[PDB]
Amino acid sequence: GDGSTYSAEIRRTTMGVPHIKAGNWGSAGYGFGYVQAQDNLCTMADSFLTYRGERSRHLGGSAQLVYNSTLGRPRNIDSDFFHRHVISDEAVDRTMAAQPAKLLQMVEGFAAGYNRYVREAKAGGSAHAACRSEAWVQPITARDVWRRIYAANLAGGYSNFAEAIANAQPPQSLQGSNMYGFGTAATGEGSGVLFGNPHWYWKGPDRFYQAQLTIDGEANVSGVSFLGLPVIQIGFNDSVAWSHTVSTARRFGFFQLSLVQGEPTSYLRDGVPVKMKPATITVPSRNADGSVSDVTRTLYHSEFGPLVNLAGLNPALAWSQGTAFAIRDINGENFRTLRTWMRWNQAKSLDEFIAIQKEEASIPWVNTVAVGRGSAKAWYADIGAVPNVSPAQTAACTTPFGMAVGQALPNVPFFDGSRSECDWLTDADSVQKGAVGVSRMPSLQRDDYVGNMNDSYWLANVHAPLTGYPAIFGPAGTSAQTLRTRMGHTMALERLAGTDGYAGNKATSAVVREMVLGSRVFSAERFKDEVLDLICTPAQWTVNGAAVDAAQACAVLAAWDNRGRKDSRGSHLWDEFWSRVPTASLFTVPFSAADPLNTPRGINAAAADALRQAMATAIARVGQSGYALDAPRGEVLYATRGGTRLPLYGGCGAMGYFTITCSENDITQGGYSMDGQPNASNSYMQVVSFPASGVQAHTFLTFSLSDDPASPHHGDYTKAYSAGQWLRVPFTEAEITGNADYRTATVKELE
């Protein structure tokens, strides 16, 4: 025995943020896995059942996943087949074989640290009372952590079709997030300013966990990871800061297979039979009466990827004697993402950040924006792993059956898998086979700003639109932007023009911290006045043959100033109204590429009757909820912690909020509670800059670090977010040890 031991120093500061300090990558993984489990054991333990495909054994085949995530909530039995079949032992082998030694070590360490905590939770104590005595709270392996890492890569492709892939048998969605990078012409200062605002889960294993990793001599990085991931995915170090938003670029396509007659598990490749590769999978499943029964399916792969049951999309697309369909996710063969975040965690300049992004071409389903100490310009890119097809292919390769989806999935290549000419293409500068070459993926540097709110790359900067990149990246000058995108660029322009009501005309760290929470509602700012002019005089109506007294609703909305702040009165009536306004023929001024933030616009006077119908419904729904029409938003929109409803602000992107606090709960069922599993919402937030004293970051983790109701870090951060009080997260050693709430413990064990 070589005596190797993991040893990590865990320093926790305010909100319980852990700052792991270790002499090597293994020990850093050991500390990070320990603190993730210490704060989120129940969410994590359940999640490892998902990636191993062991949910059904413990929790019953017919129950749904407990937590929402990039997988959604399929039945346990289908989730188990999906994971076993796509994240097979081969896919894990393949993934691990492409990894640098230091990351294989960090992941072994992470598993050991998770397991150390599991031993502590089994031993005793009051933490994680909700699950600590369950059989599925158990040690895991490094391989399990690689399953989880691989799983994260599939959000843009295979994950969205878990049930469809688990049920492909022979006859025998992703959305959200804002970010800005302001360059030094915008901040007026020696460095740019980075605003990171992923809209994401508040519960479940995809949710973020905030921490710092200090790996002596190699990295000192702070930010967030999904639970179960060992490197920082959105964050900063002494030299660079970055964030991500969902990209419009499709990451998957379909291949239609022409089957061998007599033999529906074989397909033709330029006239030659090729066998599909079978996998007979048995998933053990707990019966409602307590016993366990085996469930066996034989599922299949083609050379493109797994077989996929498309009959749910359209019954014509069943796997028949003549045709079957496969799905290819470009990320299924992309083993490079984890190393890419790793290299960014260690990056010493924006130029280096940029080179890593180009060399790896691995970013799986997101845009990236970054700012680097000493660099005048901010960076925007949708440089990652993306299917490569030419327009010639889209014309010659698309099949009749593909139409049946052509509205449901535009830009997704649905190709004739019979013809090798239809396989995805490889460029001279493609990093991976069948992926777009680096020079053909969009990016921009600007010394004013770049931003993205989940529209295409086109308007990274409104003054310098980007065009001429492959169609798969999304439209470039021909589609209207969403209301959130129009809100997000409007706020950026108004800041630099000094016309948004905040101090000065620079995107300083302090003013950015305020602006990003201001909760303006674009649909109300641009359209509420026209709507009221159109329907509020008279305010006594006939709607569906009923007398409707809209005088109070008209008054409340006229007095409301189009913001969803905690004290704003009537903002929820607007949400209930705007969300019901039929969209056909609503606007008289259509989209103009030369005016993309202010078009479409112009409420159609012919829409008057339908607007009164929608308003009358909205007044009824608010009355049914038991809230007053003029209730303050903080009473409607809230997070409960320690028995107290903490008031919140913000709203849904569909209303044209930029500040996102988007409840899944109907107003009539207790308001817009954030306590269940809300829609993608403000989660980890960071405002980062690089002033003379060193990197400075202000952060929130809105739902708080720990999922355990007994933890002091279950609702402390949430109370700060309710109050609008950004956390100045300590980063230097002196900042960490000088923090008012500093505590340090060391964990160690033999490797």
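The numbering used is simple: start at 1 and walk along the sequence shown.
- Query: According to the PDB entry, how many deposited residues between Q172 and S173 are absent from the model (none, 1 to 3, 4 to 9, 10 or more)?
  - Reply: 10 or more residues are missing.
- Item | Entry-level comparison of average CA B-factors, 575 to 583 and 648 to 656, reporting the higher stretch | For C-alpha atoms only, the mean B-factor is higher in 575 to 583.
- Query: What stretch has the higher average Cα B-factor here, 377 to 385 or 315 to 323?
  - Reply: Higher mean C-alpha B-factor in the PDB entry: 315 to 323.
- Task: Between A550, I77, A151, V371, let me know which has the highest C-alpha B-factor in the entry?
- Result: Top of the list by C-alpha B-factor: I77.
- Item | Of the residues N665, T485, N160, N562, the one carrying the largest Cα B-factor as recorded | Answer, based on the entry's C-alpha B-factors: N160.
- Message: Please place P709 in the lowest, middle or highest third of its chain according to the CA B-factor in the PDB entry.
- Response: Answer is highest: the recorded C-alpha B-factor places it there.
- Task: Give the position of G29 by CA B-factor within its chain, expressed as the lowest, middle or highest third.
- Result: As the PDB entry reports it, the C-alpha B-factor of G29 lands in the lowest third of its chain.
- Message: Considering every modelled residue of the chain and its Cα B-factor in the PDB entry, is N598 in the lowest, middle or highest third?
- Response: It falls in the bottom third of the chain.
- Split the chain's modelled residues into thirds by Cα B-factor; is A628 in the lowest, middle or highest one? It belongs to the middle third of the chain when residues are ordered by C-alpha B-factor.
- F415 - Cα temperature factor, lowest/middle/highest third of chain: CA B-factor rank for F415: highest third.
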